[PDB]
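**Q** Got a structure for you, upload-v3.cif, holding mmCIF, C-alpha atoms; chains and numbers go by the auth columns.
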data_model
loop_
_atom_site.group_PDB
_atom_site.id
_atom_site.type_symbol
_atom_site.label_atom_id
_atom_site.label_comp_id
_atom_site.label_asym_id
_atom_site.label_seq_id
_atom_site.Cartn_x
_atom_site.Cartn_y
_atom_site.Cartn_z
_atom_site.B_iso_or_equiv
_atom_site.auth_seq_id
_atom_site.auth_asym_id
ATOM 1 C CA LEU A 1 229.953 67.767 115.939 0.00 556 M
ATOM 2 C CA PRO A 2 226.840 65.687 116.747 0.00 557 M
ATOM 3 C CA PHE A 3 228.505 62.559 115.343 0.00 558 M
ATOM 4 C CA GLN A 4 231.792 62.933 117.236 0.00 559 M
ATOM 5 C CA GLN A 5 231.935 61.549 120.787 0.00 560 M
ATOM 6 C CA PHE A 6 235.620 61.964 121.728 0.00 561 M
ATOM 7 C CA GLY A 7 238.387 64.459 121.039 0.00 562 M
ATOM 8 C CA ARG A 8 242.124 63.860 120.690 0.00 563 M
ATOM 9 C CA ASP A 9 245.224 66.006 121.106 0.00 564 M
ATOM 10 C CA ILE A 10 247.981 66.410 118.528 0.00 565 M
ATOM 11 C CA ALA A 11 250.017 63.733 120.338 0.00 566 M
ATOM 12 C CA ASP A 12 247.136 61.199 120.203 0.00 567 M
ATOM 13 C CA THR A 13 245.558 61.458 123.632 0.00 568 M
ATOM 14 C CA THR A 14 241.970 62.095 124.687 0.00 569 M
ATOM 15 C CA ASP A 15 241.286 65.644 125.879 0.00 570 M
ATOM 16 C CA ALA A 16 237.541 66.249 125.356 0.00 571 M
ATOM 17 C CA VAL A 17 234.540 63.968 125.839 0.00 572 M
ATOM 18 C CA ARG A 18 230.762 64.149 125.351 0.00 573 M
ATOM 19 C CA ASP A 19 228.413 63.116 128.154 0.00 574 M
ATOM 20 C CA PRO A 20 225.915 60.416 127.086 0.00 575 M
ATOM 21 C CA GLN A 21 223.070 61.325 129.460 0.00 576 M
ATOM 22 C CA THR A 22 223.148 65.038 128.577 0.00 577 M
ATOM 23 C CA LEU A 23 224.707 66.329 125.354 0.00 578 M
ATOM 24 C CA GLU A 24 227.470 68.297 127.065 0.00 579 M
ATOM 25 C CA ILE A 25 231.180 68.628 126.298 0.00 580 M
ATOM 26 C CA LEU A 26 233.722 68.186 129.095 0.00 581 M
ATOM 27 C CA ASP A 27 237.456 68.868 128.994 0.00 582 M
ATOM 28 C CA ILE A 28 239.370 66.043 130.683 0.00 583 M
ATOM 29 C CA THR A 29 242.569 67.106 132.435 0.00 584 M
ATOM 30 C CA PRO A 30 244.831 64.520 134.116 0.00 585 M
ATOM 31 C CA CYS A 31 245.243 64.821 137.865 0.00 586 M
ATOM 32 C CA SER A 32 248.292 66.725 139.058 0.00 587 M
ATOM 33 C CA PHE A 33 251.568 64.837 139.393 0.00 588 M
ATOM 34 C CA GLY A 34 255.166 65.826 139.914 0.00 589 M
ATOM 35 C CA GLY A 35 258.577 64.966 141.277 0.00 590 M
ATOM 36 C CA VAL A 36 259.418 65.335 144.956 0.00 591 M
ATOM 37 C CA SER A 37 262.876 66.756 145.655 0.00 592 M
ATOM 38 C CA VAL A 38 264.457 66.986 149.107 0.00 593 M
ATOM 39 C CA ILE A 39 266.654 69.976 149.956 0.00 594 M
ATOM 40 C CA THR A 40 268.901 69.231 152.913 0.00 595 M
ATOM 41 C CA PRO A 41 272.305 70.143 154.346 0.00 596 M
ATOM 42 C CA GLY A 42 274.695 67.466 155.534 0.00 597 M
ATOM 43 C CA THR A 43 273.248 65.044 158.066 0.00 598 M
ATOM 44 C CA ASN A 44 276.192 65.765 160.366 0.00 599 M
ATOM 45 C CA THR A 45 275.359 69.482 160.211 0.00 600 M
ATOM 46 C CA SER A 46 271.619 69.108 160.872 0.00 601 M
ATOM 47 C CA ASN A 47 268.585 66.887 160.272 0.00 602 M
ATOM 48 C CA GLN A 48 266.164 69.468 158.832 0.00 603 M
ATOM 49 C CA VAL A 49 264.856 69.068 155.280 0.00 604 M
ATOM 50 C CA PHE B 1 250.493 64.258 130.900 0.00 851 P
ATOM 51 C CA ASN B 2 252.369 60.933 130.605 0.00 852 P
ATOM 52 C CA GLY B 3 255.216 61.356 133.106 0.00 853 P
ATOM 53 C CA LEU B 4 257.563 63.592 131.098 0.00 854 P
ATOM 54 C CA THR B 5 258.668 66.782 132.844 0.00 855 P
ATOM 55 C CA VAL B 6 260.749 69.752 131.712 0.00 856 P
ATOM 56 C CA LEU B 7 262.859 71.474 134.339 0.00 857 P
ATOM 57 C CA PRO B 8 263.425 75.236 134.259 0.00 858 P
ATOM 58 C CA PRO B 9 266.992 76.462 133.732 0.00 859 P
ATOM 59 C CA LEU B 10 268.893 77.615 136.796 0.00 860 P
ATOM 60 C CA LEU B 11 269.789 80.969 135.204 0.00 861 P
ATOM 61 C CA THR B 12 266.854 82.986 133.903 0.00 862 P
ATOM 62 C CA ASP B 13 267.163 84.948 130.669 0.00 863 P
ATOM 63 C CA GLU B 14 267.444 88.188 132.652 0.00 864 P
ATOM 64 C CA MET B 15 270.563 86.929 134.436 0.00 865 P
ATOM 65 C CA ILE B 16 272.136 85.895 131.123 0.00 866 P
ATOM 66 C CA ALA B 17 271.408 89.356 129.722 0.00 867 P
ATOM 67 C CA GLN B 18 272.939 90.945 132.826 0.00 868 P
ATOM 68 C CA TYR B 19 276.081 88.825 132.421 0.00 869 P
ATOM 69 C CA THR B 20 276.419 89.838 128.769 0.00 870 P
ATOM 70 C CA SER B 21 275.875 93.504 129.639 0.00 871 P
ATOM 71 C CA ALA B 22 278.573 93.305 132.318 0.00 872 P
ATOM 72 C CA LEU B 23 281.015 91.736 129.857 0.00 873 P
ATOM 73 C CA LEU B 24 280.220 94.357 127.214 0.00 874 P
ATOM 74 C CA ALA B 25 280.670 97.261 129.639 0.00 875 P
ATOM 75 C CA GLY B 26 283.952 95.794 130.856 0.00 876 P
ATOM 76 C CA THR B 27 285.295 95.399 127.330 0.00 877 P
ATOM 77 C CA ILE B 28 284.173 98.916 126.383 0.00 878 P
ATOM 78 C CA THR B 29 285.582 100.776 129.385 0.00 879 P
ATOM 79 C CA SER B 30 288.745 98.772 130.154 0.00 880 P
ATOM 80 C CA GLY B 31 289.870 96.965 126.995 0.00 881 P
ATOM 81 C CA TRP B 32 291.407 93.551 127.617 0.00 882 P
ATOM 82 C CA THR B 33 292.846 94.456 131.034 0.00 883 P
ATOM 83 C CA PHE B 34 289.834 93.320 133.070 0.00 884 P
ATOM 84 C CA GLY B 35 290.147 89.778 131.704 0.00 885 P
ATOM 85 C CA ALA B 36 293.572 89.209 133.286 0.00 886 P
ATOM 86 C CA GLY B 37 293.284 91.123 136.560 0.00 887 P
ATOM 87 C CA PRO B 38 291.948 94.411 137.905 0.00 888 P
ATOM 88 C CA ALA B 39 290.042 96.605 135.479 0.00 889 P
ATOM 89 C CA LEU B 40 292.026 99.633 134.290 0.00 890 P
ATOM 90 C CA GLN B 41 290.193 102.370 132.411 0.00 891 P
ATOM 91 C CA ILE B 42 291.422 103.774 129.095 0.00 892 P
ATOM 92 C CA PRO B 43 289.917 106.136 126.487 0.00 893 P
ATOM 93 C CA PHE B 44 288.310 104.213 123.648 0.00 894 P
ATOM 94 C CA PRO B 45 290.335 105.790 120.778 0.00 895 P
ATOM 95 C CA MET B 46 293.555 104.802 122.556 0.00 896 P
ATOM 96 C CA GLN B 47 292.268 101.239 122.951 0.00 897 P
ATOM 97 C CA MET B 48 291.463 101.203 119.234 0.00 898 P
ATOM 98 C CA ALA B 49 295.000 102.430 118.541 0.00 899 P
#
As structure tokens, how would this structure be written, given the file I've shared?
**A**
Amino acid sequence: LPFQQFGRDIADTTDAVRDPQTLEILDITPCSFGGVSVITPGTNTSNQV
Amino acid sequence: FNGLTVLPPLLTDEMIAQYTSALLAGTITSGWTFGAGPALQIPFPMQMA
């Protein structure tokens, strides 16, 4: 809507935004993140992971 | 988006269904014998008797 500048998810976080210079709507997605897991056999057996 | 992750189960639903199908086939074709050793076939009416 012309009055609304931001947009929020169900869990109260910003997901859409309106550009001030040009009246455009942009979906904001957080940058990728994850957990790093290391698969390895015993160190005595080998040193490859 | 805020650092919470959900990890997939080790056994997919297909593998669970396969396990249940194996159990059902074993209990149909061999009665209770396959649960305590080698599977021995028997006609179903005799198992019901």
**Q** What is the atom CA of residue 893 of chain P-atom CA of residue 878 of chain P distance in Å, reported with one decimal?
**A**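 Atom CA of residue 893 of chain P sits 9.2 Å away from atom CA of residue 878 of chain P.
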**Q** Quick one: of M:575, M:562, M:557, M:585, who's nearest to chain P, counting all atoms listed in the file?
**A**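 Distance minimum relative to chain P lands on M:585.
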**Q** Residues picked by the PyMOL selection byres ((chain M) within 9 of (chain P)) here, as an MDAnalysis selection string?
**A** chainID M and resid 584:590
**Q** In Å, with one decimal, what is the gap from atom CA of residue 866 of chain P to atom CA of residue 884 of chain P?
**A** 19.3 Å
**Q** Go through M:558, M:603, M:598, M:593 and flag the residue nearest residue 573 of chain M, using all atoms listed in the file for the distances.
**A**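 Checking each candidate against residue 573 of chain M, we get M:558 as the closest.
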**Q** Specify the axis-aligned box that encloses all atoms of segment 880-887 of chain P listed in the file after padding of 4 Å on each side, stating its centre and edge lengths in Å to one decimal as lines of an AutoDock Vina configuration file.
**A**
center_x = 291.2
center_y = 94.0
center_z = 131.8
size_x = 12.8
size_y = 17.6
size_z = 17.6
**Q** Using Å and a single decimal, report how far atom CA of residue 895 of chain P sits from atom CA of residue 882 of chain P.
**A**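 Taking atom CA of residue 882 of chain P and atom CA of residue 895 of chain P, their separation equals 14.1 Å.
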**Q** Once the PyMOL selection byres ((chain P and resi 892) around 8) has been applied to the shown file, what residues remain in the selection, as a PyMOL selection string?
**A** chain P and resi 879-881+890-891+893-894+896-897
**Q** Keeping only C-alpha atoms, take the residues you just selected and write them out as a CSV table (one decimal), in the coordinates of the input.
**A**
chain,number,residue,atom,x,y,z
P,879,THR,CA,285.6,100.8,129.4
P,880,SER,CA,288.7,98.8,130.2
P,881,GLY,CA,289.9,97.0,127.0
P,890,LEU,CA,292.0,99.6,134.3
P,891,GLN,CA,290.2,102.4,132.4
P,893,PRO,CA,289.9,106.1,126.5
P,894,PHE,CA,288.3,104.2,123.6
P,896,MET,CA,293.6,104.8,122.6
P,897,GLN,CA,292.3,101.2,123.0
**Q** Excluding residue 583 of chain M and residues on its chain fewer than 3 positions from it, collect all residues at most 9 Å away from it, counting all atoms listed in the file, and give them as a list in words.
**A**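 What passes the distance filter is residues 569, 570, 571 and 572 of chain M.
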**Q** Quick one: residues within 12 Å of residue 574 of chain M, only C-alpha atoms counted, chain neighbours fewer than 2 positions away excluded, as a ChimeraX atom specification?
**A** /M:557,559-561,571-572,576-583
